[PDB]
Structure formats: structure tokens, C-alpha cells
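Reviewing the structure listed below.
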Amino acid sequence: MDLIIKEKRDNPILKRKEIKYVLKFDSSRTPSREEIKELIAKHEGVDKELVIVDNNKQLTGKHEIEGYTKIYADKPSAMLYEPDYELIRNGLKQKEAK
């Protein structure tokens, strides 16, 4: 697989990003999970935890797929501290919750 990415990231409260991606796949074996997903996010400007990619706009007519990928950077931070772990239980109040 060959992923050429044109990443664009916007990080607010949840550090969400938007990137342009094309994976070139060699007709022979089924696409790999890590190869596409890792190279997609990693290239994406993010780690493997941050890889969320839905929909894919195919422009070319050869054998590679293009589209937009979504990435979450909170996946690792949440995994390290665990979402089911008592982080504080109270919430924030910096002049506005959002």
C-alpha cells in the first residue's frame, strides 16, 4: 500500500484533524490493517490510536483510493489514563465549559 497524505489538523477540546489521503495498493493481496491504518494516521500527522477513516473519494481510475480521513489524538491519552478511571469527577470551569 502507498499512502500519500495532504493532512490538515484542527485541535480544539478534542484535538480533531482532517487529512487528504490516497493509498496505492498492489493488486495481489488484501490490504493490511496496520499498513493502511497506521500509514494513514501516522502519515496523517498522528499515531495509530488517532486513526479514524470513513468514506473514501476515489479519483484516478487506476487502483488507488483517495478520500478524507479523520483522526483522534485523545484515543492514546484516554487509554493511558483509562476512561473508567477516576480522573477528578467535577468538570472544568474556565469561564465556559465549551
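By order in the C-alpha cells, chains are A, B, ...; within a chain, residues start at 1; ligands start at 1, following the order shown.
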
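All residues in chain A with a DSSP state of strand (DSSP E or B), computed from the backbone, read residues 2, 3, 4, 5, 6, 7, 8, 9, 16, 17, 18, 19, 20, 21, 22, 23, 24, 51, 52, 64, 65, 66, 67, 68, 69, 70, 71 and 72 of chain A.
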
For the residues in the current selection, export N, CA, C and O atoms as an mmCIF file, in the first residue's frame.
```cif
data_model
loop_
_atom_site.group_PDB
_atom_site.id
_atom_site.type_symbol
_atom_site.label_atom_id
_atom_site.label_comp_id
_atom_site.auth_asym_id
_atom_site.auth_seq_id
_atom_site.Cartn_x
_atom_site.Cartn_y
_atom_site.Cartn_z
ATOM 1 N N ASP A 2 0.404 2.373 -0.590
ATOM 2 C CA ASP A 2 1.200 3.600 -0.606
ATOM 3 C C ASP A 2 0.316 4.773 -0.258
ATOM 4 O O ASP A 2 -0.547 5.157 -1.037
ATOM 5 N N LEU A 3 0.495 5.340 0.908
ATOM 6 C CA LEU A 3 -0.364 6.430 1.301
ATOM 7 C C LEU A 3 0.284 7.796 1.190
ATOM 8 O O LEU A 3 1.161 8.147 1.979
ATOM 9 N N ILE A 4 -0.226 8.604 0.264
ATOM 10 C CA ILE A 4 0.250 9.979 0.145
ATOM 11 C C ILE A 4 -0.813 10.861 0.755
ATOM 12 O O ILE A 4 -1.954 10.902 0.295
ATOM 13 N N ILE A 5 -0.451 11.485 1.846
ATOM 14 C CA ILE A 5 -1.371 12.289 2.612
ATOM 15 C C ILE A 5 -1.156 13.814 2.529
ATOM 16 O O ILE A 5 -0.026 14.302 2.561
ATOM 17 N N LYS A 6 -2.269 14.551 2.497
ATOM 18 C CA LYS A 6 -2.271 16.015 2.497
ATOM 19 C C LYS A 6 -3.043 16.480 3.742
ATOM 20 O O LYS A 6 -4.086 17.126 3.657
ATOM 21 N N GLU A 7 -2.519 16.071 4.890
ATOM 22 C CA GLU A 7 -3.101 16.329 6.218
ATOM 23 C C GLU A 7 -3.432 17.783 6.524
ATOM 24 O O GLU A 7 -2.730 18.706 6.110
ATOM 25 N N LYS A 8 -4.493 17.956 7.320
ATOM 26 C CA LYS A 8 -4.929 19.254 7.780
ATOM 27 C C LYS A 8 -5.549 19.035 9.154
ATOM 28 O O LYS A 8 -6.552 18.356 9.257
ATOM 29 N N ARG A 9 -4.937 19.536 10.219
ATOM 30 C CA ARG A 9 -5.470 19.259 11.556
ATOM 31 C C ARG A 9 -5.962 20.482 12.313
ATOM 32 O O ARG A 9 -5.322 21.533 12.330
ATOM 33 N N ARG A 16 -9.237 17.252 17.045
ATOM 34 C CA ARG A 16 -9.686 16.517 15.854
ATOM 35 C C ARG A 16 -9.033 17.041 14.588
ATOM 36 O O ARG A 16 -8.924 18.245 14.392
ATOM 37 N N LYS A 17 -8.593 16.140 13.718
ATOM 38 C CA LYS A 17 -7.947 16.583 12.483
ATOM 39 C C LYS A 17 -8.618 16.011 11.226
ATOM 40 O O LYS A 17 -9.338 14.998 11.292
ATOM 41 N N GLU A 18 -8.366 16.681 10.081
ATOM 42 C CA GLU A 18 -8.903 16.294 8.770
ATOM 43 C C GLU A 18 -7.764 16.261 7.742
ATOM 44 O O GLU A 18 -7.054 17.245 7.559
ATOM 45 N N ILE A 19 -7.567 15.120 7.111
ATOM 46 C CA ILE A 19 -6.475 14.934 6.149
ATOM 47 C C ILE A 19 -6.912 14.301 4.845
ATOM 48 O O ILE A 19 -7.877 13.538 4.785
ATOM 49 N N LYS A 20 -6.157 14.611 3.818
ATOM 50 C CA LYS A 20 -6.398 14.070 2.482
ATOM 51 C C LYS A 20 -5.507 12.866 2.281
ATOM 52 O O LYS A 20 -4.321 12.912 2.560
ATOM 53 N N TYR A 21 -6.090 11.756 1.880
ATOM 54 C CA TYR A 21 -5.290 10.535 1.752
ATOM 55 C C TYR A 21 -5.582 9.652 0.531
ATOM 56 O O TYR A 21 -6.736 9.370 0.216
ATOM 57 N N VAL A 22 -4.501 9.124 -0.065
ATOM 58 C CA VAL A 22 -4.601 8.152 -1.166
ATOM 59 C C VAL A 22 -3.659 6.995 -0.860
ATOM 60 O O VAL A 22 -2.465 7.199 -0.653
ATOM 61 N N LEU A 23 -4.191 5.789 -0.840
ATOM 62 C CA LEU A 23 -3.424 4.618 -0.577
ATOM 63 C C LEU A 23 -3.314 3.866 -1.881
ATOM 64 O O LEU A 23 -4.322 3.599 -2.534
ATOM 65 N N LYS A 24 -2.109 3.531 -2.272
ATOM 66 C CA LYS A 24 -1.920 2.820 -3.505
ATOM 67 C C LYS A 24 -1.701 1.386 -3.152
ATOM 68 O O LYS A 24 -0.801 1.045 -2.404
ATOM 69 N N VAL A 51 -6.286 6.967 14.558
ATOM 70 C CA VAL A 51 -6.800 6.717 13.205
ATOM 71 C C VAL A 51 -8.278 6.338 13.147
ATOM 72 O O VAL A 51 -8.678 5.241 13.543
ATOM 73 N N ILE A 52 -9.053 7.228 12.531
ATOM 74 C CA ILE A 52 -10.469 7.008 12.258
ATOM 75 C C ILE A 52 -10.738 7.412 10.806
ATOM 76 O O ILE A 52 -10.763 8.604 10.515
ATOM 77 N N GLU A 64 -5.922 2.980 -6.836
ATOM 78 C CA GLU A 64 -5.615 3.538 -5.548
ATOM 79 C C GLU A 64 -6.816 4.335 -5.073
ATOM 80 O O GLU A 64 -7.645 4.753 -5.880
ATOM 81 N N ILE A 65 -6.956 4.480 -3.771
ATOM 82 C CA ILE A 65 -8.121 5.149 -3.219
ATOM 83 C C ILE A 65 -7.770 6.438 -2.506
ATOM 84 O O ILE A 65 -6.823 6.496 -1.727
ATOM 85 N N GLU A 66 -8.566 7.460 -2.779
ATOM 86 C CA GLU A 66 -8.389 8.766 -2.171
ATOM 87 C C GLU A 66 -9.610 9.107 -1.338
ATOM 88 O O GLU A 66 -10.656 8.473 -1.469
ATOM 89 N N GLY A 67 -9.475 10.090 -0.473
ATOM 90 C CA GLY A 67 -10.581 10.479 0.368
ATOM 91 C C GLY A 67 -10.146 11.341 1.515
ATOM 92 O O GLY A 67 -9.079 11.953 1.473
ATOM 93 N N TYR A 68 -10.959 11.377 2.552
ATOM 94 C CA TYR A 68 -10.632 12.155 3.724
ATOM 95 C C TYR A 68 -10.651 11.257 4.942
ATOM 96 O O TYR A 68 -11.573 10.463 5.131
ATOM 97 N N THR A 69 -9.630 11.388 5.761
ATOM 98 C CA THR A 69 -9.513 10.597 6.961
ATOM 99 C C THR A 69 -9.674 11.470 8.192
ATOM 100 O O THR A 69 -9.294 12.640 8.208
ATOM 101 N N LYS A 70 -10.242 10.886 9.215
ATOM 102 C CA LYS A 70 -10.462 11.575 10.466
ATOM 103 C C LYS A 70 -9.530 11.001 11.524
ATOM 104 O O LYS A 70 -9.284 9.799 11.538
ATOM 105 N N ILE A 71 -8.987 11.835 12.406
ATOM 106 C CA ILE A 71 -8.079 11.296 13.421
ATOM 107 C C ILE A 71 -8.375 11.807 14.818
ATOM 108 O O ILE A 71 -8.664 13.003 15.011
ATOM 109 N N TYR A 72 -8.243 10.887 15.791
ATOM 110 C CA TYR A 72 -8.443 11.237 17.202
ATOM 111 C C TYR A 72 -7.155 11.047 18.019
ATOM 112 O O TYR A 72 -6.589 9.939 18.119
#
```

For residue A:77, please output as a PDB file with C-alpha atoms, in the first residue's frame all residues within 12 Å (counting only C-alpha atoms; exclusion window: fewer than 2 positions along the same chain).
```
ATOM      1  CA  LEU A  14     -10.837  17.035  21.347  1.00  0.00           C
ATOM      2  CA  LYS A  15      -7.826  17.598  19.052  1.00  0.00           C
ATOM      3  CA  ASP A  47      -0.425   7.949  15.757  1.00  0.00           C
ATOM      4  CA  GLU A  49      -4.622   5.374  18.144  1.00  0.00           C
ATOM      5  CA  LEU A  50      -5.736   8.540  16.395  1.00  0.00           C
ATOM      6  CA  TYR A  72      -8.443  11.237  17.202  1.00  0.00           C
ATOM      7  CA  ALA A  73      -5.487  12.174  19.408  1.00  0.00           C
ATOM      8  CA  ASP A  74      -7.475  11.559  22.606  1.00  0.00           C
ATOM      9  CA  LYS A  75      -7.501   7.799  21.970  1.00  0.00           C
ATOM     10  CA  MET A  79      -6.040   4.605  27.056  1.00  0.00           C
ATOM     11  CA  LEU A  80      -3.107   5.599  29.269  1.00  0.00           C
ATOM     12  CA  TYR A  81      -5.321   7.067  31.996  1.00  0.00           C
ATOM     13  CA  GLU A  82      -8.304   4.826  31.213  1.00  0.00           C
ATOM     14  CA  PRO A  83     -11.753   6.456  30.715  1.00  0.00           C
ATOM     15  CA  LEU A  87      -9.705  11.405  36.793  1.00  0.00           C
TER      16      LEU A  87
END
```

- prompt: Would you give me, as a PyMOL selection string, the residues in stretch 12-45 of chain A that DSSP reads as alpha helix (DSSP H)?
  reply: chain A and resi 33-44
